Amino acid sequence: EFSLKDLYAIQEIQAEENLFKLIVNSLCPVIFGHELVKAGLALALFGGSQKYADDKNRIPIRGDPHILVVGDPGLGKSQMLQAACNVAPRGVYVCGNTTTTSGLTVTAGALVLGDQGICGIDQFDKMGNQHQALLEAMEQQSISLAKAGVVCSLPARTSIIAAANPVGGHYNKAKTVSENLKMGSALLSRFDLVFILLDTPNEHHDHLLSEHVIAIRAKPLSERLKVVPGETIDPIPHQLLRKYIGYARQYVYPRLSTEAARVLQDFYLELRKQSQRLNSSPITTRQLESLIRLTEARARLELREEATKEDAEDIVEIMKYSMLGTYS
Amino acid sequence: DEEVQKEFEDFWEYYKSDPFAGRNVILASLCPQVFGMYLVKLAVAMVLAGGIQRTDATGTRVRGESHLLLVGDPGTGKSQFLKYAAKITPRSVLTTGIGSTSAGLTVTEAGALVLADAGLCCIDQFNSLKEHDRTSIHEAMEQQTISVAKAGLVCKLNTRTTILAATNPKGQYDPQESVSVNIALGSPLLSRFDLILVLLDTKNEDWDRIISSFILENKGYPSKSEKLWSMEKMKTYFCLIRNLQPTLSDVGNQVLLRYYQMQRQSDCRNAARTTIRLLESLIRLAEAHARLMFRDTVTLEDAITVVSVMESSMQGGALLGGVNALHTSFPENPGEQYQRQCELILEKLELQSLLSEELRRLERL
Ligand SMILES: Nc1ncnc2c1ncn2[C@@H]1O[C@H](COP(=O)(O)OP(=O)(O)O)[C@@H](O)[C@H]1O
Ligand SMILES: Nc1ncnc2c1ncn2[C@@H]1O[C@H](COP(=O)(O)OP(=O)(O)O)[C@@H](O)[C@H]1O
Ligand SMILES: [Mg+2]
Ligand SMILES: [Mg+2]
C-alpha cells in the first residue's frame, strides 16, 4: 500500500510539462545517444492490457511486448539493460552461458521468478540448444511440468528482453539479413521489435562522444527527444521512478479509441501489400495485434485512459526502425 | 612506520635532475634473470600499477583495472614473467588453464576469479581454453561481477581481478594476417585486452652470442653494482603506491582526446582496436603511469610516455611504425630520448603551442 506522501509525489510527477522526455532521458543517463532504443525499453517496462473477451471460453491473449537488440560490439548494449532491470517492481538478470534448459524453465526457473516483471537475458546468441524451450512459455503465457508433461501447470508472465552479437563479430554490410543472425522464421517473429545497430566512423558524433566520456571521468520522433546543450533536464531518481510503475500498473487500464484504429489499419494494409512481393520476414496477423499492444502502452506512461491520434502516431515512427525503415 | 616513507622519499628526491633514471632503476629489478626486454618489462609494471574506480550514482560503474596478453614463439620467457609476477602481488592464484575445470573459471563453492579479489589471476595456455569456458568469462572480464541463476538460487558475486595471460601462436606465425586470424579469437573477446604485445624471433648474430654468454657464464645480474633491489622492498613499493589518487589536468587530456579522434579513421582503423573501449584504456594507463613516479598530477610527460607504448602495441597497421619488443635494450640516457620523442610526436598531431612550454620547463630543471 502506498503512503499519502507517495500519492502526493505521484501527482506532482504527473504534472510535468514534457513527461515523455523526463522518462526517456532518465532511465540511464551515463549512455549518450540511442534515443529510440531507450524509448523501446521505456514502453516495454509499462506493458499493455490483458483481454478476457468471451469469458465463457476466453482463451486469453498476452498483453506485454518482447524486445531484442542486436548490433556491433562496443556500442554499449549491456548497460541500457542493467538500469531497466533495476528500475522495476520485480526483475532478474541472468547470463546465457551458465544456464541450461532446466534453469530457464521450471525443474522454479528464471521465468517463474520473473512473474509480473522483466527477465532480461544477456548473450542470447551463444545459446544453441535452449532456443526451442521458451517458444511455449512466451506464447502460451503458461508453463507445465517438465517431468513427462504430467499436467501441474504454473503461471509464467514474463517480458523477456534480450541482447546478442552477430555470428561474424562485426556485421558486414553486403549480405542478407537472415544469414547474419542465425535465426529461423519462428523465433524471429515472436519478438515485437528487433533493433539493428551499426557502428560507423562519423565526425561530429565521435567529437561529442569523446567529450562526454572525458567529462564523466573528471518534427519526427528523433529530435524532440534529443537534448540541445544549454538546458537542465535533471533526472528523477530511480528510487522515485520505481514507485511510479507500480501505481501505473494497477490503477489504469487503457483502451483504444475509434480515431486511432484507422491509422493502424492503414499501416497494416500498406505493409502487407508491399512486403508480400518483396523479400522480408512474413507479416502475419501478429503485427496487427502488436500495434494495438504498443499503442495501449503509450497510454499508461502519461496516466491516461484513451488512445488519441497523436498517441497512435508515435507507434508508427518507432515501428519504422526494425521494419521497412531498416530492412534496406 | 615512518622509516619506509623516509627511505622512499630520499630515493625519489635524490633523482631530481634526472626523473627517468629512477624509473629505469625501478624497471631493472623486474625479472632480473632475463636480459633486455624493455617494453615487455615496462608493460607489466604499468599493468600491475592498477587504476582508479569511478562509480555512478544510481546503478552503474565503469572498470578501473587493466589486462594484458602475450604471444610469441616457444622459448622466449613468458612463463618466467608470469611466475615472477605471481609472487610480488599480495594475493595471487596461479592456474594451468586447460588443466583447470569450469568450477574455477566461474562459480559452482568459490572458483578462481571469485577467489582472487583485489589480486591478479595468472592464466597460461589460453589457446584452447574449453571454448564454453572461454566464453563464460566475457561477463566477468568487463563488468567485474558475476550474474548467475543456476538451480533457481539467484546469487550474485563480485570479482575484481587483473587477468594476465599468455598463449602460443598456433600455426606458423606471419607478419601479416593480424592476430584475429593467426590465433583465431572472436572480435568481442579480442577487444577487452588493453595491450597485445607480439614477440617474434628473427635472424640476428649478436643477441645470440650475448644470450649464450649470459647462460653459459652463469653471470647473474651483469650489472655487478649493488644497487638492485630485494623482493621485500619491491613488494612494499607495489603495495604502497596503491593508495595515491591522481587527478587529471589540462596540459594532459587534450593529447589523448586528439589522438583518439585522429586514430578513429586514418585509412584502415584496423578492425577491433578502434572502438570506444580505446579511450577508456588510454586514460586508465595514463593514470597508472602517474602512480609509479610518486605524484598525483598527470602532466604532458605521462601522456607522451603512454602514447608510444600503445602505438607500439598495435602491431602492423599504425601511424608511426612497429618496433619488435625482443630486440630492445635500456638506453644509456633516457632524457635525450624523451626530448626527441616529445618533439617528434607533438608535430604531426598539432599542438605546437605546448612544445615551447614543455621545452622551457625542461630547460630550467
Ligand atoms: N555512449 C557511450 N558513452 C559512454 N560509454 C560508452 C558508450 N557506449 C559504450 N560505452 C562503453 O562501453 C562499455 C560497454 O560495453 P558493451 O558494448 O556493453 O559490451 P558488449 O558489446 O559486449 O555488450 C562501457 O564500459 C562503456 O563505458
Ligand atoms: N633472456 C633469457 N635468459 C635466460 N634464459 C632464457 C631467456 N629467454 C628464455 N630463456 C629460457 O627459456 C625458458 C622459457 O620457456 P617459455 O618460452 O616461457 O616456455 P613456453 O614456450 O611454454 O612459454 C626458460 O626456462 C629460460 O631458461
Ligand atoms: Mg552485455
Ligand atoms: Mg609455459
# chains A, B, ... in the order shown; residues from 1 in each chain; ligands from 1
$ select_by_dssp --residues "region 102-160 of chain B" --states "helix (DSSP H, G or I)" --output "list in words"
residues 102, 103, 104, 105, 114, 115, 116, 131, 132, 133, 134, 135, 138, 139, 140, 141, 142, 150, 151 and 152 of chain B
$ write_last_selection --atoms "N, CA and C atoms" --output "PDB file, in the first residue's frame"
ATOM      1  N   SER B 102      35.696 -25.984 -15.181  1.00  0.00           N
ATOM      2  CA  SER B 102      34.769 -24.859 -15.147  1.00  0.00           C
ATOM      3  C   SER B 102      34.477 -24.391 -13.729  1.00  0.00           C
ATOM      4  N   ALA B 103      34.747 -25.228 -12.724  1.00  0.00           N
ATOM      5  CA  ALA B 103      34.468 -24.845 -11.344  1.00  0.00           C
ATOM      6  C   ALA B 103      35.348 -23.689 -10.888  1.00  0.00           C
ATOM      7  N   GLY B 104      36.491 -23.486 -11.540  1.00  0.00           N
ATOM      8  CA  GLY B 104      37.397 -22.420 -11.161  1.00  0.00           C
ATOM      9  C   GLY B 104      37.150 -21.121 -11.898  1.00  0.00           C
ATOM     10  N   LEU B 105      36.986 -21.205 -13.220  1.00  0.00           N
ATOM     11  CA  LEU B 105      36.778 -20.009 -14.026  1.00  0.00           C
ATOM     12  C   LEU B 105      35.461 -19.312 -13.708  1.00  0.00           C
ATOM     13  N   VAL B 114      36.652 -15.614  -8.537  1.00  0.00           N
ATOM     14  CA  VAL B 114      36.000 -15.148  -7.318  1.00  0.00           C
ATOM     15  C   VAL B 114      36.960 -15.199  -6.136  1.00  0.00           C
ATOM     16  N   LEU B 115      37.913 -16.127  -6.155  1.00  0.00           N
ATOM     17  CA  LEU B 115      38.845 -16.324  -5.053  1.00  0.00           C
ATOM     18  C   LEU B 115      40.023 -15.358  -5.090  1.00  0.00           C
ATOM     19  N   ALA B 116      40.116 -14.509  -6.112  1.00  0.00           N
ATOM     20  CA  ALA B 116      41.262 -13.619  -6.246  1.00  0.00           C
ATOM     21  C   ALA B 116      40.841 -12.156  -6.194  1.00  0.00           C
ATOM     22  N   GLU B 131      36.242 -23.891 -25.098  1.00  0.00           N
ATOM     23  CA  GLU B 131      35.534 -22.751 -25.681  1.00  0.00           C
ATOM     24  C   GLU B 131      34.344 -22.270 -24.856  1.00  0.00           C
ATOM     25  N   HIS B 132      33.527 -23.192 -24.339  1.00  0.00           N
ATOM     26  CA  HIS B 132      32.466 -22.801 -23.413  1.00  0.00           C
ATOM     27  C   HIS B 132      33.026 -22.024 -22.224  1.00  0.00           C
ATOM     28  N   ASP B 133      34.112 -22.519 -21.627  1.00  0.00           N
ATOM     29  CA  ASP B 133      34.735 -21.801 -20.518  1.00  0.00           C
ATOM     30  C   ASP B 133      35.322 -20.475 -20.980  1.00  0.00           C
ATOM     31  N   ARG B 134      35.748 -20.402 -22.239  1.00  0.00           N
ATOM     32  CA  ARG B 134      36.385 -19.205 -22.782  1.00  0.00           C
ATOM     33  C   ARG B 134      35.363 -18.154 -23.206  1.00  0.00           C
ATOM     34  N   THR B 135      34.087 -18.531 -23.294  1.00  0.00           N
ATOM     35  CA  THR B 135      33.034 -17.534 -23.451  1.00  0.00           C
ATOM     36  C   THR B 135      32.237 -17.298 -22.178  1.00  0.00           C
ATOM     37  N   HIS B 138      33.276 -13.582 -20.579  1.00  0.00           N
ATOM     38  CA  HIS B 138      33.053 -12.257 -21.148  1.00  0.00           C
ATOM     39  C   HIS B 138      32.355 -11.339 -20.157  1.00  0.00           C
ATOM     40  N   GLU B 139      31.441 -11.885 -19.360  1.00  0.00           N
ATOM     41  CA  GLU B 139      30.714 -11.099 -18.373  1.00  0.00           C
ATOM     42  C   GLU B 139      31.568 -10.741 -17.168  1.00  0.00           C
ATOM     43  N   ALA B 140      32.486 -11.621 -16.772  1.00  0.00           N
ATOM     44  CA  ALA B 140      33.338 -11.381 -15.617  1.00  0.00           C
ATOM     45  C   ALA B 140      34.583 -10.570 -15.944  1.00  0.00           C
ATOM     46  N   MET B 141      34.916 -10.397 -17.223  1.00  0.00           N
ATOM     47  CA  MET B 141      36.082  -9.594 -17.572  1.00  0.00           C
ATOM     48  C   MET B 141      35.784  -8.105 -17.682  1.00  0.00           C
ATOM     49  N   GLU B 142      34.544  -7.721 -17.989  1.00  0.00           N
ATOM     50  CA  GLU B 142      34.218  -6.330 -18.270  1.00  0.00           C
ATOM     51  C   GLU B 142      33.343  -5.662 -17.218  1.00  0.00           C
ATOM     52  N   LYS B 150      21.726 -20.226 -11.433  1.00  0.00           N
ATOM     53  CA  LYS B 150      21.738 -21.675 -11.570  1.00  0.00           C
ATOM     54  C   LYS B 150      20.974 -22.333 -10.427  1.00  0.00           C
ATOM     55  N   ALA B 151      20.234 -23.393 -10.763  1.00  0.00           N
ATOM     56  CA  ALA B 151      19.473 -24.186  -9.795  1.00  0.00           C
ATOM     57  C   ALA B 151      18.438 -23.348  -9.049  1.00  0.00           C
ATOM     58  N   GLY B 152      18.007 -22.242  -9.652  1.00  0.00           N
ATOM     59  CA  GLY B 152      16.997 -21.391  -9.054  1.00  0.00           C
ATOM     60  C   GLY B 152      17.397 -20.807  -7.714  1.00  0.00           C
TER      61      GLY B 152
END
$ interface_residues --of "chain B" --to "chain A" --cutoff "9 Å" --atoms "only C-alpha atoms" --output "ChimeraX atom specification"
/B:54,56,58-60,106,132-133,135-136,139,146-152,154,186-188,191,247-248,253,257,260-261,264-265,271-272,275-277,279-280
$ select_by_dssp --residues "region 53-223 of chain A" --states "strand (DSSP E or B)" --output "list in words"
residues 61, 67, 68, 69, 70, 71, 91, 94, 118, 121, 122, 142, 143, 154, 155, 161, 162, 163, 164, 193, 194, 195, 196 and 197 of chain A
$ residues_near_ligand --ligand "ligand 2" --cutoff "6 Å" --atoms "only C-alpha atoms and all ligand atoms" --output "JSON, numbers by chain"
{"B": [34, 35, 74, 75, 76, 77, 78, 79, 80, 215]}
$ write_last_selection --atoms "C-alpha atoms" --output "short mmCIF file (atom, residue, chain, number, x, y, z; two decimals), in the first residue's frame"
data_model
loop_
_atom_site.label_atom_id
_atom_site.label_comp_id
_atom_site.auth_asym_id
_atom_site.auth_seq_id
_atom_site.Cartn_x
_atom_site.Cartn_y
_atom_site.Cartn_z
CA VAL B 34 66.48 -12.16 -18.16
CA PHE B 35 68.43 -9.85 -20.46
CA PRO B 74 58.26 -21.02 -27.84
CA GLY B 75 61.44 -20.34 -25.91
CA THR B 76 61.11 -16.63 -25.13
CA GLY B 77 60.31 -16.20 -21.42
CA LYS B 78 56.55 -15.82 -20.96
CA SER B 79 56.43 -18.40 -18.16
CA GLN B 80 59.22 -16.62 -16.28
CA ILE B 215 73.57 -18.51 -19.82
#
$ atom_distance --atom1 "atom 13 (C, counted along the ligand's line) of ligand 1" --atom2 "CA of residue 111 (chain B)"
25.6 Å
$ residues_around --residues "region 292-308 of chain B" --least-positions-apart "6" --cutoff "8 Å" --atoms "only C-alpha atoms" --output "PyMOL selection string"
chain B and resi 12+23+46+49+241+244-249+251-252+255-256+282+285-286+341-342+345+358
$ write_last_selection --atoms "C-alpha atoms" --output "compact mmCIF listing (two decimals), in the first residue's frame"
# COMPACT_ATOMS: atom_id res chain seq x y z
CA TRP B 12 62.91 9.66 -5.20
CA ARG B 23 62.05 4.63 -13.35
CA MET B 46 52.13 -0.41 -15.91
CA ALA B 49 50.20 -0.48 -11.04
CA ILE B 241 51.72 3.26 -4.32
CA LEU B 244 47.63 7.65 -4.08
CA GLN B 245 44.72 9.10 -6.07
CA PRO B 246 45.87 11.09 -9.13
CA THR B 247 43.72 13.77 -10.74
CA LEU B 248 43.68 14.74 -14.41
CA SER B 249 44.87 18.09 -15.76
CA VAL B 251 48.04 20.05 -20.39
CA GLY B 252 47.03 16.37 -20.29
CA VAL B 255 46.65 14.97 -26.24
CA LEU B 256 44.65 11.76 -25.75
CA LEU B 282 44.21 5.29 -22.79
CA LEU B 285 47.07 3.62 -18.40
CA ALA B 286 47.93 7.33 -18.16
CA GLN B 341 60.03 11.72 -28.56
CA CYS B 342 58.17 14.84 -27.43
CA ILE B 345 55.02 13.36 -31.51
CA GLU B 358 57.48 21.91 -22.35
$ residues_around --residues "residue 318 (chain A)" --least-positions-apart "6" --cutoff "10 Å" --atoms "only C-alpha atoms" --output "list in words"
residues 36, 37, 39, 40, 193, 221, 222 and 325 of chain A
$ atom_distance --atom1 "CA of residue 302 (chain A)" --atom2 "CA of residue 14 (chain A)"
7.1 Å
$ atom_distance --atom1 "CA of residue 3 (chain A)" --atom2 "CA of residue 117 (chain A)"
22.6 Å
$ residues_around --residues "region 284-299 of chain A" --least-positions-apart "5" --cutoff "8 Å" --atoms "only C-alpha atoms" --output "PyMOL selection string"
chain A and resi 43-44+46-49+63-65+192+254-256+264-265+268+304-307+311-312+315
$ closest_residue --among "B:182, B:5, B:172, B:281" --to "ligand 1" --atoms "only C-alpha atoms and all ligand atoms"
B:281
$ closest_residue --among "B:323, B:183, B:163, B:45" --to "residue 128 (chain B)" --atoms "only C-alpha atoms"
B:183
